[PDB]
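What follows is one structure encoded as structure tokens, with my remarks underneath.
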Amino acid sequence: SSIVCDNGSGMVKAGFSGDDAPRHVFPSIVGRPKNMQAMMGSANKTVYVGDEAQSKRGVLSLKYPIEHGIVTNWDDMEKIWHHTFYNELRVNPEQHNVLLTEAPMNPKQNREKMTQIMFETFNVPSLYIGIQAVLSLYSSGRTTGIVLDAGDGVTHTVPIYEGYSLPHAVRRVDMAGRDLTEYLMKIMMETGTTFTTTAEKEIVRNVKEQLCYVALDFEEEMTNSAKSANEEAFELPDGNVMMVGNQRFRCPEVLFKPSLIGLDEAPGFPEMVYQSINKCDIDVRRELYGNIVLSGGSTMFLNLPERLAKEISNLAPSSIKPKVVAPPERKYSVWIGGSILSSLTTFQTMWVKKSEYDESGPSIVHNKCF
Amino acid sequence: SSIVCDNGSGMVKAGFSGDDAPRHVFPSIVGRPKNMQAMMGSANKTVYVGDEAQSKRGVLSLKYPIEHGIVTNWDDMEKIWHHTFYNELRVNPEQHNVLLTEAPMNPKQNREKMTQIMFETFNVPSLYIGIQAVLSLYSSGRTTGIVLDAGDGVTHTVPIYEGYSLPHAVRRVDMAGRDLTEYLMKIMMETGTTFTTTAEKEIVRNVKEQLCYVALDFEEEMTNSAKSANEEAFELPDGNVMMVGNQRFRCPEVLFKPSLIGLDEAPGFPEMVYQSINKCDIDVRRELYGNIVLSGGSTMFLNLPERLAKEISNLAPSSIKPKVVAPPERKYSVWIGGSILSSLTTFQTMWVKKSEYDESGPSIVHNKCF
Amino acid sequence: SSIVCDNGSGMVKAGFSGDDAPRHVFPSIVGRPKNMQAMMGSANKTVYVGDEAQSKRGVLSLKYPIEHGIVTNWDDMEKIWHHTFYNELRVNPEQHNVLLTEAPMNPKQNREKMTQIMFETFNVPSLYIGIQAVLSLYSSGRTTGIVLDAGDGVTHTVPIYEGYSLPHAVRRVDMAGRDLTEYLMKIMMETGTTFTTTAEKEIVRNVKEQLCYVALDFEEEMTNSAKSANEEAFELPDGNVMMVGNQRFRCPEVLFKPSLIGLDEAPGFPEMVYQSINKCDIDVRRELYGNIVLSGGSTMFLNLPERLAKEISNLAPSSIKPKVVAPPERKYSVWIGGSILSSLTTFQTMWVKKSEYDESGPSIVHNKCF
Amino acid sequence: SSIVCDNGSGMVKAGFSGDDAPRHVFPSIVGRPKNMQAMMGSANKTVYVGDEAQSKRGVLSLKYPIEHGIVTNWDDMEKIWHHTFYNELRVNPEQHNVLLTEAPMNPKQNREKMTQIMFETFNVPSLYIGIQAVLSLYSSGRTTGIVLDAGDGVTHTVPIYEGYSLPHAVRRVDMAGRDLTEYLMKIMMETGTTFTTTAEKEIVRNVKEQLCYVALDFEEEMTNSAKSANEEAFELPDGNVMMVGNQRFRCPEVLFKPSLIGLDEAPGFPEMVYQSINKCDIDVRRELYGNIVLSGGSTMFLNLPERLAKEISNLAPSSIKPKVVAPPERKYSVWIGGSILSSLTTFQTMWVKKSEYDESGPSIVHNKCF
Amino acid sequence: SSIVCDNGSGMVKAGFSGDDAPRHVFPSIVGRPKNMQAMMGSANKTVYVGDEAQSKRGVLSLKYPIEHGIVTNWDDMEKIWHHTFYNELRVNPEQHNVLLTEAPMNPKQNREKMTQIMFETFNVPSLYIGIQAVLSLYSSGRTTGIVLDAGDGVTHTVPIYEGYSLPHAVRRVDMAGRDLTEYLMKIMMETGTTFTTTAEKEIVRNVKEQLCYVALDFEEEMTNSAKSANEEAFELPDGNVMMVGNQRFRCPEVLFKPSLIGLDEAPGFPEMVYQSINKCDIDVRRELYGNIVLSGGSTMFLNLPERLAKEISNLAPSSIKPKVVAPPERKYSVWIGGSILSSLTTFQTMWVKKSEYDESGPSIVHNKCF
Ligand SMILES: Nc1ncnc2c1ncn2[C@@H]1O[C@H](COP(=O)(O)OP(=O)(O)O)[C@@H](O)[C@H]1O
Ligand SMILES: Nc1ncnc2c1ncn2[C@@H]1O[C@H](COP(=O)(O)OP(=O)(O)O)[C@@H](O)[C@H]1O
Ligand SMILES: Nc1ncnc2c1ncn2[C@@H]1O[C@H](COP(=O)(O)OP(=O)(O)O)[C@@H](O)[C@H]1O
Ligand SMILES: Nc1ncnc2c1ncn2[C@@H]1O[C@H](COP(=O)(O)OP(=O)(O)O)[C@@H](O)[C@H]1O
Ligand SMILES: Nc1ncnc2c1ncn2[C@@H]1O[C@H](COP(=O)(O)OP(=O)(O)O)[C@@H](O)[C@H]1O
Ligand SMILES: [Mg+2]
Ligand SMILES: [Mg+2]
Ligand SMILES: [Mg+2]
Ligand SMILES: [Mg+2]
Ligand SMILES: [Mg+2]
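Residue numbers (the deposited numbering), protein chains in the order written: chain D, 6 to 375; chain C, 6 to 375; chain E, 6 to 375; chain A, 6 to 375; chain B, 6 to 375.
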């Protein structure tokens, strides 16, 4: 069959074409022990990948091969790929077509080396590398709209009008869920709870995923929370309980004002969409405003679509009624679109055969894959 | 075969690998006469080791070569080793592998000189020196847990998570059964029975081993015993009978509050475990609380595990349910774990060959033995 | 005396009439701090203009008052003017005549408000606003020719035949050095070097000004550079070194094919000149082809005049031999022409006196200034 | 006048504004007796603060109110403050302005309660709480640079460029002189000298302050010291002499590799500075490399600045020449900077008046004090 | 007033508070006739106490109620107390406060029954029982030091540092002047003079008090005395003269080596002090070495302080200079300290009132008296 592997910065989503949801979602981490093994043969493993690293994180040093959508450690990335194939999918990579995803405006060498590893190390017969926002637009079952995809390493905006790309209106900000997690971990020190190790960063990520929400009116929420002192209790793995105060709505606020983490000139979620739309031709802006698609796990915060729609409406002219489409399953929207695309009968001629790679070498994906 | 010799401060336990219990347990004492021999040839021995010294203790001055887990008299220690081999095991040390144990954070010169004596004086072919808490965890048949080992000279706490050492969470207090015996001998003077000689210290040790018990509630027990005047009779070797009052539960109480013997800042049995657990990573604390292993003869007091479990539960957060594992045979738990480890087929490459010692000299055990 | 101030989009050039070169050239930027001042009195300034903003750009947010030749921020523009007078020229504006320049076919309100600010805020006695291409033709010392001026915000083409204007043959494209800088900053992401802040945009501008060159044959250069992988090293301010590959000749290529930045229907440098010439009367085309004048800093790329002359010759009929005049000092050609014009004895009756402004109000410059 | 009180984790430094050095430096310890007073009226004191506790440490249990820059015992802290005012400065706190210091990214409640105690318990008229690194940069008489301050409880790095804060580039590691003292006390057990009581911890601290030095090449020093067995003699208070071997250069080595004390993922002295610089804007990094300021007593080890400068140069690009500024009086650099700041005529409007506290309550220092 | 009664094993010292010396010192003996009274009314007394028993010792059987500081005969002890009050002090015990002394670590029932007898049999209004070494330290007018008190039944060592007790460093050996007298009486049999009756034991005690001296070098003295045969003549009451040879310096030698009387493991005078000092904290040892206080009549031998100081200096480290304080009136040092303590105005609230005894019964002195 065909393999749809959505290698994200934080989570790896793998499966087969035609399915409605990925069958294997595990973190994109590689852990190694930081202490000598006192016993004999109990923990003989030297490298842990995926859920195994997450399970033993208390005695491991976790590492992310992908940073901001760019693979910074290729040995760990190929370890993750070997895991994803053999231990996760339990299929021979040589017998299946592999579909990969990548953020727009990534370095060319990243895609080139990814293709080289897929064709040589795993002997994949045919390969194709797509764009995450295009697949996210595919999954919604529409051919026109602007996709705001925010995952774990990068958020990008890609407008598409009736199937035609608008390459000069594509935005990209290296600010996503990992930056939010780091900011939350920093601002939790005010309450008196400091997390420093990589293992303790996962606890902060869980706090972010469970308690954080987007405030409808940040300034009003900030003042009312100051006096009422409303806070929620989060139970740490050791059994201790810590209280999370205004950090619940301050952590996702950095999406709407990235100056809180040093990105002073970064636009923010509504401003980036507005600028991307205004970079397009005047005749297509009205249909782009009326169809805004959210994707990625960093768009899953409570009240985020409503806040985004309210903020965009202020920027847009009074005759425009923006509509934000936030599917409940938008976390896996990229994988669903990739599965849909790979199941199309027209797409079967778009695969990059290994024979073509043997002829023209790398950078073949830079000409036919878009 | 292989020899598993657990040289403790008070008791020497020797045997062969594969056995379920040591075949020779005798005190680690060396006695010498303090009076001239009036008769001719009846008692021509000048040095007594082991049970012989204990049998003739009335006319001998007993000495312990090991103090607080550290050999303070090497001539007496090598006398004890010569006894343990020839008179006890009746085997040639040159034909067997010797496994030795040592408390954590001991001086390096102690282990170096022990290795030198084993390799040169006894010509042992291969040697290995382990850690008592690790072997105690081996004997329980588990790879995760925190071991509280309290013998005769020192009590130490060693956390181990899934076979990985946690060296920065290891505690060590030089307070064990010998200090309890001395405290009992001091507080028996209140009743009107003073023991001063080393021979009379063994009587106090027997009193401690037979009558002393840990009170579930020390303050309630102290008041009720004051009015009821409940006491038990202990028969001295000479035939006299002395009464032991509140000293039955006061003597082991110093384990839970070492300030009674001048160790004002020492933690105590539950506090030391709590601190050792809290020195570990937050992700491993929950599994360490749920598996606490007791070892050594000083943990054999009545109601000691129940009192320890109750005390630790107060310190631990309300979401934690500590479980204390106290095997009935925990006195020999270190030797059992050493026998199990030496019988493993993987361990056979971990012996320190005598050829290696001839090459790199001493301190070879500091690099490969842990 | 008289003041010749050439307020460009990127650079401000000021001086006095009769001089052969501007005495003060500084960027047209206004910077404001983005962080709170921790110390006391060291950096008490709140707004930085000119070279001061460029010097402290690492802690400032730089802004350009002029976009595409149109003043989009009048407060910052009047700050720049106040700087240019007092801190740069150190003369009283009330005592001198001011000569200003403006791109053709600009909005009328822009010139009206510029005149209002000059007459009211600075109390300038007499004012005149010219056209940059006319002054560029003045500086060459000729009365016939077609001027292709490309600065930082806009490129315009103005044909003049024997001193007579040809208003219906004037072209204007909002594509100049700033668009080239943005395109270079976008295409440097392929190598793996992303610049996002306004301060880092100046580094990209310096890269463009130092390394970029116009390829004689773009298609041949593109293929040969692909295989030879020829690239140059540029040292960033922090000390790091980044390699610039094919972006050296791709960045200025957008002048000859503006479709690379979304201006699909824009003509380009040779096509715009050809269309502007063909919009003129048939009797004047031959003399316009034989005298093409380049102006502005965006025409300073290596091999740009040769490439332009080759490209125009293909469009022109075979009986025409176009000649492109590219003076070495064409960056300041507008200012030189303004200085020459203001020093003419005939021009002294063309100033707009402040009394005339008090009578007819604004839009007086729309009738007598051309 | 004004009071400059630098409440550190280990040492309290107090004085008046305008002086070049603190007039009263005493340890921040509170001691209580652990034994009953046998005599009558000789030692009627029940709590000892400062040098008195240090003098009688042999019969006292010493406690540090401040841990890692955070006050963990407010009663002892206010005892220390009462001592510092009345017994040390011998002035009425109600008649003077008090300047306090605090580590960056401390819990907000710590500063709030400190302000509450100063305003209510001592009735201080006006108060101000600064940042230790900012004052350390003040004392050097420069407005640009990066300050590496390492005291007794925490080490922090604060970059400042031309007086503007860089809040997102501030690092903080809870590893300072007290952790070094604990590590030295642990590793002295290898030689055969165990210190356990709090009184004996001061002896280890004196050993660290007198004998420990930073090795220029740790690996080369470790091997050469192993064979030469070079060691120095330290005389204990009782008159005994103990030998300190490789622990002289191993104890301060944990600053450059904090994994020796369980901080496996902590950066270390050069790595923390490098990361803090690289968190800043590219335009300011070159000036931050060329001006590195050391502060605190934990930076006073021999050859520490040279080792740090060598280590940073390897991390920095080859075009960068880092310069480390280590004033001889850098132990009191924070107090000197505080005295300089409080003597400035501009600073006199920055005090938090008690009337303001009565109006807005606490957290007033969170808005105007930085 | 107040009564200071120092009930020793051999001598009873009584007096009133404020005096510089006891006004009544008599032996603590009770004698009874061993023969029938032949005459009529000449010697009608049946029990003799004090000097009367000593005067008629030739026809009486003398008995000591106190053995090793413990009252073994309460009827004789209360006879001695009745004598000491009525026949010696000639005051009503009901009208005075009584201060009593007791050796440390005595049985609790001894003190309880002493208090019961004082409160019930003699109807003493208020009572207090102190420690002999504490009072001996009081008499020297110092609050720090280590007291070596050796009387007639027991020698004990009590360190005190700045008024704070060090209970875990207190030593006690049941070997004092009576054991020396018995040893002298045994070793006088070698010369040919056997004393067996209790009356003849007093002659041996007088010989010990008049002729015995401590040898500076025992081994050198033993050899030189063997050849020179130097001996002194002692006149018995009957008029006979016996010669005392090497027994002059052998009798007090048992203090420095108690193995001569079967106390093989007893430390001896310098060893006991050294061990008691080393049981203390390291910070207080230096001041304890420099202040050693001698007390009791068994320390009155010639050259004893010099020999003790020489012996201790060998044990102490080379950096220590021990100083032994031996007041000329150290025999009554305990009584002087008791008189000083009872005259303090602060001590007046420390008396145990008879009403308190009626409420809480006995063992009240175990809580408030120390
Ligand atoms: N329910 C949630 N609410 C808020 N944030 C979430 C939620 N689930 C995941 N996230 C954030 O989204 C990130 C994962 O996004 P994902 O789409 O998996 O990224 P990628 O596409 O790189 O795999 C995590 O870092 C997490 O912080
Ligand atoms: N049944 C018992 N109850 C209480 N204490 C005991 C008991 N048996 C032994 N002990 C104490 O434990 C000590 C022996 O412990 P052990 O484990 O033999 O030490 P080591 O490991 O050094 O040989 C003795 O000093 C004794 O006081
Ligand atoms: N030597 C050069 N080579 C290439 N481009 C240059 C050079 N010098 C300046 N430029 C470009 O020209 C622009 C400045 O042109 P200028 O004539 O100063 O514009 P204006 O007329 O608006 O002041 C800059 O944005 C820069 O990108
Ligand atoms: N000369 C020295 N050499 C090495 N370390 C020192 C020296 N003096 C002090 N220290 C260490 O520095 C610490 C005191 O630093 P200090 O700046 O007083 O901290 P704080 O700012 O918290 O008062 C002590 O714990 C000590 O270990
Ligand atoms: N001048 C002396 N020289 C040597 N020993 C003496 C001297 N005087 C008394 N003694 C010894 O000291 C003992 C008396 O000591 P004392 O302090 O009275 O004891 P207590 O404190 O029990 O009353 C006697 O047994 C005697 O042997
Ligand atoms: Mg994704
Ligand atoms: Mg043991
Ligand atoms: Mg211009
Ligand atoms: Mg400090
Ligand atoms: Mg006495």
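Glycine residues also receive a C-beta, built at the ideal position from the N, C-alpha and C atoms.
* Could you tell me which chain C residues have their CB closer than 7 Å to the CB of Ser66 (chain A), listed as they occur along the chain? => Those within 7 Å of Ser66 (chain A) in chain C are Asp269, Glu270.
- Query: Within 7 Å: the Cβ of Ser14 (chain E) and any heavy atom of ligand 3?
  - Reply: Correct: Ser14 (chain E) has its Cβ closer than 7 Å to ligand 3.
Quick one: is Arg290 (chain B) near chain A, going by C-beta distance under 8 Å? Yes, its Cβ sits closer than 8 Å to a Cβ of chain A.
Query raised in the report: Where does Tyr69 (chain D) fall in DSSP's three states?
Result: In this structure, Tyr69 (chain D) counts as coil in the three-state DSSP scheme.
Taking a contact to mean a Cβ-Cβ separation below 8 Å, would you say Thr106 (chain E) touches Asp11 (chain E) in this structure?
Between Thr106 (chain E) and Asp11 (chain E), the C-beta spacing is below 8 Å.
Practice problem: Go through the segment 291-369 of chain A residue by residue and report every complete run of the alpha helix (DSSP H) that reaches 4 residues or more, in order. | Solution: Taken in chain order, the whole alpha helix (DSSP H) runs of length 4 or more contained in the segment 291-369 of chain A are 309-320, 338-348, 359-365.
Indicate the three-state DSSP secondary structure (helix, strand or coil) for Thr196 (chain B) in the structure shown. Note: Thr196 (chain B) maps to coil in three-state DSSP.
**Asked** Would you say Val139 (chain A) faces chain E, with C-beta separation under 8 Å as the test?
**Response** Using a Cβ-Cβ cut-off of 8 Å, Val139 (chain A) counts as an interface residue toward chain E, since at least one Cβ of chain E sits closer than that to its own.
Since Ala58 (chain D) contacts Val76 (chain D) with CB under 8 Å, what's their CB separation in whole angstroms?
Between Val76 (chain D) and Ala58 (chain D) the Cβ distance is about 17 Å, and since that is not below 8 Å, they are no contact.
If you measure beta-carbon to beta-carbon, which residues of the segment 65-94 of chain D are closer than 8 Å to chain E? Against chain E - using a Cβ distance shorter than 8 Å - the residues of the segment 65-94 of chain D are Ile75.
_With a threshold of 7 Å (Cβ to nearest heavy atom), would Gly342 (chain E) be considered close to ligand 8?_
Every heavy atom of ligand 8 is 7 Å or more from the Cβ of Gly342 (chain E), so no.
Just checking: is the beta-carbon of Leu349 (chain B) within a distance shorter than 8 Å of some beta-carbon in chain A? So, interface residue.
Taking buried to mean at least 16 other C-beta atoms within 10 Å of its own C-beta, is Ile287 (chain D) buried or exposed? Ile287 (chain D) comes out exposed.
Distance, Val129 (chain B) Cα to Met41 (chain B) Cα = About 38 Å.
Any heavy atom of ligand 2 inside 7 Å of the beta-carbon of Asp157 (chain C)?
Relative to the non-hydrogen atoms of ligand 2, the Cβ of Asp157 (chain C) comes within a distance shorter than 7 Å of at least one.
Local conformation of residue 3 (chain A) per DSSP, three classes:
Past the edges of chain A, shown from 6 to 375, lies residue 3 (chain A), and the structure says nothing about it.
So the candidates are C:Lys84, C:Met248, C:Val330, C:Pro263; which of them puts its Cα closest to the Cα of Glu195 (chain C)?
Of the candidates C:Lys84, C:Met248, C:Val330, C:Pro263, C:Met248 places its Cα closest to the Cα of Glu195 (chain C).
field: Any non-hydrogen atom of ligand 7 closer than 7 Å to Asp11 (chain C) Cβ
entry: Under cutoff, so the answer is yes.
Item to check | Inter-stretch contact (C-beta, 8 Å, three-pair minimum) for the segment 214-221 of chain E and the segment 240-259 of chain E | outcome: In short, these stretches touch, since the Cβ pair count reaches three.
Name the DSSP bridge partner or partners of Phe223 (chain A)? Residue pairing of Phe223 (chain A) in beta bridges, as defined by DSSP: absent, with no partner found.
- prompt: Between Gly301 (chain A) and ligand 9, is the CB less than 7 Å from at least one heavy atom?
  reply: In terms of side-chain proximity, the C-beta atom of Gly301 (chain A) is found nearer than 7 Å to a non-hydrogen atom of ligand 9.
Q) Does the beta carbon of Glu214 (chain D) fall short of 7 Å from some heavy atom of ligand 1? A) Closer than 7 Å to some heavy atom of ligand 1: that describes the Cβ of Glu214 (chain D).
For this session: Using a Cβ-Cβ cut-off of less than 7 Å, list which residues of the segment 38-65 of chain E approach chain A; keep chain order.
Result: Of all residues in the segment 38-65 of chain E, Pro38, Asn40, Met41, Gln42, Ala43, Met44, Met45, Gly46, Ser47, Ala48, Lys61, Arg62, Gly63, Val64 have a Cβ within less than 7 Å of some Cβ in chain A.
Runs of 3 residues minimum, wholly inside the segment 26-77 of chain E: which ones carry the beta strand (DSSP E) assignment?
Those beta strand (DSSP E) runs which fall completely within the segment 26-77 of chain E and span 3+ residues are 29-32, 35-38, 65-68.
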